[PDB]
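With our numbering, letter number 16 in the sequence shown gets 934, and the count goes up by one each step, no holes.
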Amino acid sequence: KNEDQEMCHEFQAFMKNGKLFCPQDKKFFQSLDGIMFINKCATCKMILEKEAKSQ
């Protein structure tokens, strides 16, 4: 429920077995939703890199 457990909600689908390919179609930048997701993209990506430090 809280974003403190699943910060990546839409980008999650962009994860291929632990591989987050955020760089896909940022063209959405031409819109607010795109400007937003794109802002959460580069960020949602580092969210996965954090799991690599736990193990």
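Don't be surprised by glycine CBs; every beta carbon is placed ideally from N, CA and C.
Check                                                                                                                                                : Outcome
Determine the direct distance from the alpha carbon of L966 to that of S972, and round the result to whole angstroms.                                : 11 angstroms
Less than 6 angstroms between C-beta atoms, sequence neighbours within five positions excluded: which residues of the same chain meet that for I953? : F947
CA-CA distance, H927 and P941?                                                                                                                       : 16 angstroms
State the DSSP-derived secondary structure class of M964, mapped to helix, strand or coil.                                                           : helix
For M925, which three-state DSSP category applies?                                                                                                   : coil
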